[PDB]
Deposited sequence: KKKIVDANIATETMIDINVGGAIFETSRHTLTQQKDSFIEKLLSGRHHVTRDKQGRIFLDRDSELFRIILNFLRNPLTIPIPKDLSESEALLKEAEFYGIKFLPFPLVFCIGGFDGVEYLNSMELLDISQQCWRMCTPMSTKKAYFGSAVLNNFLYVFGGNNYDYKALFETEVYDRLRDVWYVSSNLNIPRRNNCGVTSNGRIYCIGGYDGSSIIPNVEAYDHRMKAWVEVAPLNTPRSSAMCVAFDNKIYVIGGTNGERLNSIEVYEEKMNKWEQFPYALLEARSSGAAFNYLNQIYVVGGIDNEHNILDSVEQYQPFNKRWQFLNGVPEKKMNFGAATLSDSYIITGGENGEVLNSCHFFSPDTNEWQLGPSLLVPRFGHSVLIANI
């Protein structure tokens, strides 16, 4: 069955199967009194050209659009989000930067799901470790860090996967390493770290309308190598060091621009691990404790019990690893005396860990970011 649709005055003719192959999308749902044109065709008051690109993708999903410039790339992704269209039916898992034992890295690895192995990807321009990272509108952001040229960086680089290019974005106000990065309600937060001389409490937010980083309310305790996770309009900043490694947690009420103390501290004071969340539960993994032991332990916060409890640990002790959450949780690389290339997946369904494919370049001080284009 063929359908004619009007988008921005332009007429597109296609099958219903083409427009509805992605279940629960806006276009699929749209197929109730809808606005129609003078010929009785479904009318959408949206950009014709962006729709033409998206439709040509739907006609052959094995080929991904190549936007002609940054503006079109951003516009295409926002338009696909509106229509509820994803250009790939799997996540893109990126391993970025870090330190291999002798050199700072600008290299990036991408998990190849069909081949079940990591592959080398497009490198960023600046080699660096211990930086903050976040995803915003499915662009990858990396900011701060250190390398051989600077003990504390202010540069922000951004990766556009559709055009396969890195570009330079806005400078941090306070150059820093061992800072946390997290996305919360459409902004990126750069949190704490070390400015080259001192551990700092400062927090900066990136707003993509402003195209700039601006200082917001600071942490109440300076923290470096902390762990952070954001959900339910809050940002949780967990552990880290102020000179001593901490079990305390701070919470940013994003809507109030205020930091508050979380009432329930970690069981093991620690820095240099990672935190993540699933549903309303918070998980903290790995890192190093205040007696300088490198950790494999995992802690889970259960809201019903209002306490942290241990789970089974990760299969090896590690700190300064890269990690990110999938729909699952992946941890890659890190260090524990040696430089690691190991990768493991955590399942909240079993609370157990599964071996994954190993990185091409053993590294620590790197980041993992996921794009869902």
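- No C-alpha positions are given for the deposited-sequence stretches 1-12, 44-46, 343.
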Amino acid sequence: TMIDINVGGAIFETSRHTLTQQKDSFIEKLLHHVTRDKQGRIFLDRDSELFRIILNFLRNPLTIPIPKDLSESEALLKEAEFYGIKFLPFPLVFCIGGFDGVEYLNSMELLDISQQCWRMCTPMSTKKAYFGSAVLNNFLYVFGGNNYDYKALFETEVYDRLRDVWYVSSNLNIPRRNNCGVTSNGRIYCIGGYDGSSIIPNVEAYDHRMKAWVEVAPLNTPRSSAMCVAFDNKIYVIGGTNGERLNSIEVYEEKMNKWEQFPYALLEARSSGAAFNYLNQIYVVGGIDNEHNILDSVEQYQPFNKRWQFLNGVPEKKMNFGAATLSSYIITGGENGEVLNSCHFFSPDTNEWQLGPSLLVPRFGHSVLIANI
From here on, numbers count along this sequence of modelled residues.
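- Checked against the record, the higher mean CA B factor of 298-306 and 144-152 lies with 298-306.
- Stretches compared: 268-276, 153-161. Higher mean C-alpha B-factor in the entry: 268-276.
- The residue among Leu70, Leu31, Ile54, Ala323 whose C-alpha atom has the highest B-factor in the PDB entry is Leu31.
- Sort the modelled residues of the chain by CA B factor and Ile331 lands in the lowest third.
- In this PDB entry, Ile249 carries a Cα temperature factor that places it within the lowest third of its chain's modelled residues.
- In the PDB entry, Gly84 places in the highest third of its chain by CA B-factor.
- Residue-level temperature factors show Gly356 in the highest third of its chain, judged at the C-alpha atom.
- Residue-level temperature factors show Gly196 in the middle third of its chain, judged at the C-alpha atom.
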